[PDB]
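Single chain ahead, by itself, as structure tokens, in the form deposited in one PDB entry.
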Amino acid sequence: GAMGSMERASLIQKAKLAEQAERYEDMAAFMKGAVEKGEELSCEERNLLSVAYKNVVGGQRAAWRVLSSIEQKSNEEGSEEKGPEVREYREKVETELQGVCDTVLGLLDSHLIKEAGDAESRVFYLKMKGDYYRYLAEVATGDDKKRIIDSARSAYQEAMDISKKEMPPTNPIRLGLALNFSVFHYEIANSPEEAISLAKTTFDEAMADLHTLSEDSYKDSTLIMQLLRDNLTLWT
């Protein structure tokens, strides 16, 4: 580890700096270093880890989509042959994306999930596990596609089970997990009815609990509820 010689606290400080500078690759490397110190992560630290990698893989996903669309057009009738370059470059980006996903999944497996006992942390990490298997599924075309999809499903399902037992229906983590698992159903698992049912039930159960919340907690929960509504509007 290139970050092995840097203090944990210094890695966290520099991750925050990197965020301010929009240097997300650096942020991710700093937070990977911090995880590899072996201590559990605080709430704030968990969010720095997730922000960093979300931004890195998000850019990779956007690039992969551009290249995939070009490649698809090249394989239409009437399209002039341009050689192997589009496929090669799409494959390069894809391999880099898969590497980032594997890195995140490796951190979760060694050893973030196994040491996470509180519902808030365990659900957070299992949501991440679902998310990064979902990103792998987006690009999967082979013998392992079914198994990748099932790995995403399994992680999301364990997170859902804990969240329903241990967290209120307005909890932001719970809401964001449901949002993403609903997208998994719609976009990955070919289950739009399940996606819609999940989004609606989640929204409605949150609405019924808003009365318990402070002004600040209300703002947090309603923001995510709006994303559920936005998806429902897209899908219906």
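Each form is matched to the other, and the largest set of C-alpha atoms that superpose within 1.5 Å is called the rigid core. So that there is no doubt, residue numbering starts at 1 and follows the sequence shown.
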- Query: When the other entries of this protein are compared, is residue 78 unmodelled in at least a third of them?
  - Reply: yes
- Task: Would you mind comparing 120-128 and 74-82 for me and telling me which has the higher average C-alpha temperature factor in the entry?
- Result: 74-82
- Note on the structure: Ranked by mean Cα B-factor in the entry, 142-150 and 106-114, top stretch is 142-150
- Item | Which of 50, 180, 202, 69 ranks first by CA B-factor in the deposited coordinates | 69
- Item | Ranked C-alpha temperature factor of residue 219 among modelled chain residues, by third | highest
- Message: Test of reading the entry: by CA B factor among the chain's modelled residues, which third contains residue 228?
- Response: middle
- Message: Please say which third, lowest, middle or highest, residue 12 falls into when its CA temperature factor is compared across its chain.
- Response: lowest
- Among the modelled residues of its chain, does the C-alpha B-factor of residue 192 lie in the lowest, middle or highest third? middle
- Query: By the record's CA B-factor, is residue 169 among the lowest, middle or highest third of residues in the chain?
  - Reply: highest
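If you look for the form deposited in another entry, you will not find it shown, but the lines that follow are about it.
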- Item | Yes/no, residue 214 Cα shift of 2 Å or more between this form and the one not shown with rigid core fixed | yes
